[PDB]
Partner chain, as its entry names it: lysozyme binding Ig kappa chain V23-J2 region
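Have a look below at one chain only, the form solved without the partner chain, in structure tokens format.
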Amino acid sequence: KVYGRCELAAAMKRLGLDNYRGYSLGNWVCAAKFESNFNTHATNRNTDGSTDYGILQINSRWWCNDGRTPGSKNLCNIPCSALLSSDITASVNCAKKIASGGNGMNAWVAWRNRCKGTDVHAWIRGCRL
């Protein structure tokens, strides 16, 4: 799914991902952009064998179970494929769980590198929020 800026933003809004842990929506939208160019079905494989899933490219070594990762866990208690869908609630509910752990949204290297310290409103400017 190729979500629009305002489409995706509207979704992320109703799923209460605004000020979630005191982070404005544009933070989420931007992170989705630079992490998976809004493609709810992107997957980037990694060195240790781990694979990143969905909208907010959530990794299999600790957040999901794909049953292919010769390593560790599943803190989000959800099978990876659940994250690869047009309905980003699985990814957005799991996301809430990652952001609850100290680093907050620092986990999203792409957020951090291109969105911590930017005009985030910039991404929700124009929408029917």
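For the two forms, the rigid core is made up of the largest set of C-alpha atoms that agree within 1.5 Å on superposition. Residue numbers count along the first chain shown, from 1.
Novice: On a core superposition, give the stretch, 83-91 or 67-75, with the larger average C-alpha separation from this form in 8 other deposited structures of this protein (RMS over structures and residues).
Specialist: Relative to the shown form, the greater RMS C-alpha distance in 8 other deposited structures of this protein belongs to 67-75.
Novice: Averaged over C-alpha atoms, is the B-factor higher for 68-76 or for 24-32 in this PDB entry?
Specialist: The recorded data point to 68-76.
Novice: Please place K1 in the lowest, middle or highest third of its chain by C-alpha B factor as given in the entry.
Specialist: Its C-alpha B-factor, which the entry lists for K1, ranks in the lowest third among residues of this chain.
Novice: Considering only modelled residues of the same chain, in which third does the CA B-factor of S100 rank: lowest, middle or highest?
Specialist: Middle third - that is where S100 ends up once the chain's C-alpha B-factors are sorted.
Novice: How does the C-alpha B factor of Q57 compare with the rest of the chain: lowest, middle or highest third?
Specialist: As the PDB entry reports it, the C-alpha B-factor of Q57 lands in the lowest third of its chain.
Novice: Rank-wise, by C-alpha B-factor, drop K13 into the lowest, middle or highest third of its chain.
Specialist: Answer is lowest: the recorded C-alpha B-factor places it there.
Novice: When the deposited Cα B-factors of this chain's modelled residues are ordered and cut into thirds, is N46 in the lowest, the middle or the highest one?
Specialist: Answer is highest: the recorded C-alpha B-factor places it there.
Below, we refer to the form deposited with the partner chain bound, which is not included among the displayed structures.
Novice: I have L15, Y20 and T89 flagged as a candidate spot, so tell me whether each of them has a non-hydrogen atom within 4.5 Å of the partner chain in the deposited bound form.
Specialist: Verified in the deposited bound form; spot residues all in contact, yes.
Novice: Just one of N93, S85, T43, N39 has a heavy atom within 4.5 Å of the partner chain in the deposited bound form. Which one?
Specialist: Partner contact (heavy atom, 4.5 Å) among the options: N93.
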